Amino acid sequence: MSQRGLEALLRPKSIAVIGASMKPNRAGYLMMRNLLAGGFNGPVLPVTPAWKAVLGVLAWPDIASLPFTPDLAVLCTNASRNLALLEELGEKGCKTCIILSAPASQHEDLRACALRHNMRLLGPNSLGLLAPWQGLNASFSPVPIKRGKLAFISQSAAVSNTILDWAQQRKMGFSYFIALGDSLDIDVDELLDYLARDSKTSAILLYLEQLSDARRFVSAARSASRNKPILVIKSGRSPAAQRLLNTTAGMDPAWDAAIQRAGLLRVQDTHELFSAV
Amino acid sequence: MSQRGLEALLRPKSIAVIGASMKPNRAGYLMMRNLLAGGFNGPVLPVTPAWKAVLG
Amino acid sequence: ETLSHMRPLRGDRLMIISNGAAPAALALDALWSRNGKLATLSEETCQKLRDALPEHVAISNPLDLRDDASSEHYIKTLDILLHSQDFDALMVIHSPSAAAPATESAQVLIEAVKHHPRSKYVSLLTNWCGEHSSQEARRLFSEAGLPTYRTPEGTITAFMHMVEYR
Ligand SMILES: CC(=O)SCCNC(=O)CCNC(=O)[C@H](O)C(C)(C)COP(=O)(O)OP(=O)(O)OC[C@H]1O[C@@H](n2cnc3c(N)ncnc32)[C@H](O)[C@@H]1OP(=O)(O)O
């Protein structure tokens with residue numbers, strides 16, 4: 001809830017990578033490479049029992065061995081270690097974590113564990129986030145990025161990669177790029193509240209599939225759009241698409257009415273999204 | 001002499017960089033960048049009183 | 001593009017595969033807005049469940065190979081689908097990913113289509129998203145005579161134009 005706590009996620013001073021690896025085909029390898037190439041001003045701490053060093057950086061055998069408390073952590077491991085690793089991180093004192101994978105039958109335990117330690121989690125099955133002005137690339141994406149003034153929020157990894165590639169073609173940049181995943185703890189309304197006050201952001205673009213709290217979304221969007229323009233694309237208008245996405249509950253004219261009442265505008269298809277960028 | 005003893009120079013397992021720095025025009029910056037891009041299998045350790053971290 | 005490269009249709013049943021869900025959903029929405037027809041898989045074609053597709057892939061149309069799909073998965077699926085008679089046209093979507101680079105995937109798809117005995121009974125359509133990274137792939141598709149389009153909605157529109165003409 002508190003806007004205090006998002007600072008560690010969006011402006012971290014140190015990051016730990018759980019499961020960093022020397023094997024070129026591993027997720028930890030890609031995350032380590034991206035972070036090292038980002039241009040970060042803090043330390044990047046690898047944690048793994050299988051290597052003494054990763055890409056030239058001295059490693060540590062386990063979480064308890066770290067020299068101090070990291071601001072932000074990333075899990076790059078199998079879902080069966082999630083709860084134990086989260087408990088260890090909570091004991092150490094970390095307050096923010098990104099989770100690569102998890103089944104749906106784990107959500108309740110994850111929420112309870114996060115509440116116990118006062119920790120925030122970026123949705124499981126999340127692609128990550130990028131913040132060019134801080135020189136931070138904590139993501140599993142293979143597309144590079146540049147500095148800009150536009151912010152983008154997405155609930156789909158493929159759309160994120162596509163938009164990044166389009167931006168690369170046209171020599172255009174961003175101020176923030178965040179993927180939500182399953183939106184278990186951190187959700188769209190909090191990010192809208194945060195971005196309404198960021199001095200480097202002048203416009204916001206969103207791709208959405210579903211919502212959990214309508215009133216907070218409406219209030220946040222209405223407040224944020226007073227001084228910055230906001231556009232939205234929303235998919236799943238047909239029964240087959242709803243079945244594919246598992247969003248059969250709800251009605252699309254309600255989305256139309258809600259979007260209009262908050263002062264936003266809806267775009268229709270992929271071409272209009274590029275034109276909107 | 002001491003043909004044993006060149007192994008550390010030519011096949012080292014770890015290297016320390018005295019004077020590593022974040023300023024792009026410094027010699028330690030260039031050395032750190034070259035070492036990190038080389039493809040080394042060991043750790044590279046920076047030593048300096050003026051920075052908490054160097055190139056991550 | 002369509003008049004230049006696409007093989008003439010023998011029917012109006014469409015099949016879709018992708019390495020991601022949202023592009024397929026956008027395709028489905030566009031198809032619904034124009035009153036198109038989706039194909040139905042037969043029970044025997046469940047060789048897909050056995051044929052090395054991991055256990056977490058759901059077998060239906062559209063067939064969502066996940067974000068971590070590799071080129072070999074594409075080739076196996078293409079072979080099994082082409083040996084059946086359940087559809088008249090096939091749409092193949094590819095999004096940028098580390099596990100399946102664009103150029104290599106395009107090359108393997110081209111060879112697989114070239115060497116298949118029953119390829120001349122169906123119409124192929126490709127949609128490789130990502131402007132910067134798919135230039136060489138689109139060039140390779142052009143030399144082999146396979147049609148290619150920029151967005152899924154455009155692909156659906158091109159297909160439905162010929163359906164309506166017939
Ligand atoms: C949202 C997106 O689009 S992300 C990009 C798309 N990619 C994906 O969706 C695929 C993501 N999934 C994967 O990459 C894989 O399925 C994984 C990582 C989830 C599982 O791979 P697994 O082999 O099951 O992982 P596992 O946890 O057993 O091991 C991973 C690494 O952690 C290391 N490890 C094991 N235990 C620990 C531990 N306690 N602490 C730290 N590291 C550990 C293992 O050594 C292994 O490293 P190594 O291979 O270098 O030896």
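Condition check: touching a helix residue (DSSP H, G or I) at 6+ places or on another chain (Cβ under 6 Å) and in contact (Cβ under 8 Å) with a residue 24 or more places away in the chain. Does A:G135 satisfy that? Even if it seems obvious, please write down each step before you answer.
Working: touching a helix residue (DSSP H, G or I) at 6+ places or on another chain (Cβ under 6 Å): yes; in contact (Cβ under 8 Å) with a residue 24 or more places away in the chain: yes.
For A:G135, the condition - touching a helix residue (DSSP H, G or I) at 6+ places or on another chain (Cβ under 6 Å) and in contact (Cβ under 8 Å) with a residue 24 or more places away in the chain - is met.
Can we say A:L72 is surrounded by 19 or more Cβ atoms within 10 Å (Cβ to Cβ) and either within 16 Å of the ligand (Cβ to nearest atom) or farther than 20 Å from A:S14 by Cβ (or both)?
On the way: surrounded by 19 or more Cβ atoms within 10 Å (Cβ to Cβ): yes; either within 16 Å of the ligand (Cβ to nearest atom) or farther than 20 Å from A:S14 by Cβ (or both): no.
No; evaluated as a whole, the condition is false for this residue.
Which condition number does C:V92 fail, the rest of (1) among the β-branched types (V, I, T); (2) in contact with a strand residue (DSSP E or B) (Cβ under 7 Å, 6 or more places away or on another chain); (3) in a helix (DSSP H, G or I); (4) away from every other protein chain (no Cβ under 14 Å) being met?
Condition not satisfied by C:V92: (3).
Pull up region C:93-134, narrow it to residues that are within 22 Å of A:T162 (Cβ to Cβ) and β-branched (V, I, T), then point me to the one that is surrounded by the most Cβ atoms within 10 Å (Cβ to Cβ).
Within region C:93-134, the match that is surrounded by the most Cβ atoms within 10 Å (Cβ to Cβ) is C:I93.
What is the one condition in (1) assigned to a helix (DSSP H, G or I); (2) more than 12 Å from the chain's Cα centre (by Cα); (3) facing chain A (nearest Cβ under 10 Å) that C:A58 does not satisfy?
(1)
From A:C97, A:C113, grab the single residue that is within 16 Å of the ligand (Cβ to nearest atom) and in contact with a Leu (Cβ under 8 Å, 6 or more places away or on another chain). First the steps, then the outcome.
Values: A:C113 fails: within 16 Å of the ligand (Cβ to nearest atom).
Being within 16 Å of the ligand (Cβ to nearest atom) and in contact with a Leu (Cβ under 8 Å, 6 or more places away or on another chain) holds for just one of A:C97, A:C113, which is A:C97.
Within region A:78-93, identify whether any single residue is away from the ligand (no atom under 15 Å from the Cβ) and in a strand (DSSP E or B), and answer yes or no.
Applying the first criterion (away from the ligand (no atom under 15 Å from the Cβ)) to region A:78-93 yields A:90, A:93.
Keeping just the survivors that are in a strand (DSSP E or B) gives none.
Within region A:78-93 (the criterion being away from the ligand (no atom under 15 Å from the Cβ) and in a strand (DSSP E or B)), the answer is no, since none of the residues qualifies.
Filter region A:1-48 down to residues that are near the ligand (Cβ under 9 Å from one of its atoms) and under 23 Å from A:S183 (Cβ atoms) and give me whichever is nearest to the other protein chains (Cβ to nearest Cβ).
A:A27
Looking only at region A:181-189, decide whether some residue is under 24 Å from C:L63 (Cα atoms) and under 22 Å from the mean Cα position of the chain (by Cα). Before you say what the answer is, go through the steps one by one.
Going through region A:181-189, the residues under 24 Å from C:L63 (Cα atoms) turn out to be A:181-182.
Checking the rest, the ones that are also under 22 Å from the mean Cα position of the chain (by Cα) come to A:181-182.
Checking region A:181-189: at least one residue is under 24 Å from C:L63 (Cα atoms) and under 22 Å from the mean Cα position of the chain (by Cα).
Within region C:61-70, is there a residue that is under 13 Å from the mean Cα position of the chain (by Cα), more than 14 Å from every other protein chain (Cβ to nearest Cβ) and away from the ligand (no atom under 16 Å from the Cβ)?
Just the residues of region C:61-70 that are under 13 Å from the mean Cα position of the chain (by Cα), to begin with: C:61-65.
Remaining after also requiring more than 14 Å from every other protein chain (Cβ to nearest Cβ): none.
No, there is no match, as no residue in region C:61-70 is under 13 Å from the mean Cα position of the chain (by Cα), more than 14 Å from every other protein chain (Cβ to nearest Cβ) and away from the ligand (no atom under 16 Å from the Cβ).
Each value in this text was obtained by applying a stated rule to the coordinates, not by laboratory testing. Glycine also receives a Cβ, built like all others from the backbone with ideal geometry; neighbour counts cover every protein chain displayed.
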